Structures are given as structure tokens and as C-alpha cells.
Amino acid sequence: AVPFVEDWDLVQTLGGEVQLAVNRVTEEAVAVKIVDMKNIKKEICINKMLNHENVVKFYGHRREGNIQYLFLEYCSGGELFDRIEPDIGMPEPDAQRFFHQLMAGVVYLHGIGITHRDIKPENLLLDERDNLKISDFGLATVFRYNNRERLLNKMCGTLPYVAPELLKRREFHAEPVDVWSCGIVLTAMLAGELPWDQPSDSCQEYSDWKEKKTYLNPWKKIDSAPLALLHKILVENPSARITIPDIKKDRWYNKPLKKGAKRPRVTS
Ligand SMILES: CN1[C@@H]2CC[C@H]1C[C@@H](OC(=O)c1c[nH]c3ncccc13)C2
């Protein structure tokens, strides 16, 4: 009925490319990913399965001609990457809260049999209230179907965040790989630096971690409680690595640290 409701104005580049679109009538804002096709089909397929408060919502897609348009939830708070101060990190309570949200989105994805495969702060967006949303399903894949798990063998992700088994073994389970990358995200949030270029024995920093030299750089800035959690996540053997139900029972994970979002108040 309402005439111009279908019209959106592209008002600025978000990050092919991602543009912030504003509805001509309602002024509602959305993110539109523009893909110059000249992959996307699986990405759209995966996005259509997604419905969770900590995952970037998918509204629909349009094909036009050669250009695909994916309409996505707009996250006005930007990337988590931008909340991390170099060499510093961010306050521990904030990092714990973003970590709880990340785990909720991850548990959700794993519950529907989807692995993200590229968890890193650039792909973790923040809404108006600083709620974390996992974004970008371009590298994602189905690891469980009809209740049968399928082992992965494709190498993908981003080196500093990738699990050591991706570099060492021909086949590997999907879930511990996403867990590992969440541990590197946590390290980055608490230390403002990535511990190594890649998790290989040839990598000095990685070999120092395995030798437990936690008096060295990233680790020394941490704090014993979250550092004990990182000792359980960044375990080389994916079979020994802590799983999410267990992360949820971790001492630091459950430590009260942060006050809820402050709400207006007066005195009399
Ligand atoms: C590294 N990338 C850049 C930024 C996040 C990840 C995937 C892609 O953005 C989106 O898909 C966004 C969806 N909703 C958004 N709201 C605000 C900014 C980006 C997006 C491009």
C-alpha cells in the first residue's frame, strides 16, 4: 500500500562492499552487502538459517543483474576491533561481557551445525547498546547434518586466529577450531595484542606459550583468573581443548565483575 516503502538510499560505506542503506519512508537503517559476482549462494543459504540475538540478522537478498544485494542487520557500534586499545586491551568487565555474548552466538551456530571459521574482532560487530553480533558467513560451512558430523579439511580463517590443527592435520573437527579463535579474541581484548603470527612450532611466541612462559608479553598483562581460562582454550591438542559447556563452568567466566547498563536515577 504505502508507495515508497521499498526505496532505500545508500548513505555511506560501512566496509565487494558494505553500504548503510536508509529507508526513504521509515528512515530505518540496514546494512546492504553488495557483491559484484563478476560462494555467495552458500552464504545466502547459511544466512537464511540464522536467527539469534548475537548473530547479524539476514533480511533478504536481491539479484538485480550481475550484482547480488544481501540486506543485513545494521550494527551502529562498529567493530569490536575498534574497542581494543593497542597494547592495552579494554577493561576486564567489558571483555567478559563481550566474551559471554560471543559464546552465546557460537553455541547457537554450533547448535544448528554451522561453523563460522573466521572469528576475529573485525567480524564481531556491536549494536547501539554494545551488544556483540557475529557477522560474515562467507567462509562459514555446515559441519553437522542429519545428526552426522562431518570432519573439515579445507584450510581457511586468518593465520593469527587459526587453530594449530588446521596447519598440522589433514582432517579436523569444526568446533574446537571456533573455540580456539574465541580464545585469541579474548587474549586480544585483555592485552591489546595478538600472541603470535601463527600457531606453529617454528613460531617463537607460540613455542614460548607451550613452554608456559607467561611472564612474557601478552600473558603478563592478563590476570590469573582469565589467564587460567586461556590456558584451557589455547591447548594444542583439540581433543584435550576445553569445550563450550565447560567454558561456561569456568571460574572467570562466572566471576561477577560488571554492573548492568546504567539507567537514570535521582535522589531526594
Ligand atoms: C570485516 N567485515 C566488514 C565489517 C564486518 C565484517 C563483514 C562486513 O560487514 C557486514 O557484513 C555488516 C553487516 N552489518 C553491518 N553493520 C555495520 C558495519 C558492517 C556490517 C564488512
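In what follows, every heavy atom counts, from backbone to side chain, and hydrogens, waters and symmetry copies are set aside. Numbers here are sequence positions counted from 1. Read the numbers this way: they start at 1 and go in the same order the structure lists the ligands and their atoms.
With a heavy-atom cut-off of 4.0 Å, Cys75 touches ligand 1 through backbone and side chain alike. Looking at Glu79 against ligand 1, only its side chain comes within 4.0 Å, counting heavy atoms. Counting heavy atoms closer than 4.0 Å to ligand 1, residue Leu20 contributes nothing at all.
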Sequence neighbours left out, cut at 3.5 Å: what donor-acceptor pairs do the side chains of residues 79-89 make with other protein atoms?
residue : atom : partner : partner atom : Å
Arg83   : NH1  : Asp130  : OD1          : 2.5
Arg83   : NH1  : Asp130  : OD2          : 3.2
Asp87   : OD1  : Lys221  : NZ           : 3.2

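Close contacts between ligand 1 and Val18 involve ligand atoms 8 (C), 9 (O), 21 (C) [criterion: under 4.0 Å to a heavy atom]. Contact atoms of ligand 1 toward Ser135: 5 (C), 6 (C), 7 (C) (distance under 4.0 Å to a heavy atom of the residue). Atoms of ligand 1 found under 4.0 Å from any heavy atom of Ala31, numbered from 1 in the order shown, are 13 (C), 14 (N), 15 (C). Of all atoms in ligand 1, listed by their number and element, those nearer than 4.0 Å to a heavy atom of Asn123 are 1 (C), 2 (N), 6 (C). The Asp136 neighbourhood of ligand 1 comprises atoms 7 (C), with distances under 4.0 Å to a heavy atom of that residue. Counting the atoms of ligand 1 from 1 in the order shown, those under 4.0 Å from a heavy atom of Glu122 are 1 (C), 5 (C), 6 (C).
Among protein heavy atoms, atom 19 (C) of ligand 1 sits closest to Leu125 CD1, 3.6 Å. Considering only non-hydrogen protein atoms, atom 14 (N) of ligand 1 sits nearest to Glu73 O, 2.7 Å. Considering only non-hydrogen protein atoms, atom 11 (O) of ligand 1 sits nearest to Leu72 CD1, 3.9 Å.
The closest approach between any non-hydrogen atom of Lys133 and ligand 1 is not below 4.0 Å.
Between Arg170 and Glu165, no side-chain nitrogen of the basic residue sits less than 4.0 Å from a carboxylate oxygen of the acidic one, so the salt-bridge criterion is not met.
Two rings, from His61 and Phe71, have their centers 6.0 Å or more apart. Ring to ring, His173 and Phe143 are not that close: their centroids are 6.0 angstrom or more apart. Ring pair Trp219/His231: centre-to-centre distance not below 6.0 Å.
Of the candidates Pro121, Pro199, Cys182, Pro121 is the only one forming a side-chain contact (heavy atoms from CB on, under 4.5 Å) with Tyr161.
Taken to the nearest 0.5 Å, the CE atom of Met103 stands 12.5 Å off from the NZ atom of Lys248. Remark: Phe137 CZ to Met49 CE distance equals 10.5 Å, nearest 0.5 Å.
Think of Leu10 as one node in a network of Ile, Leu, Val, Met, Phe, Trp and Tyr side chains linked at under 4.5 Å; it has no links at all.
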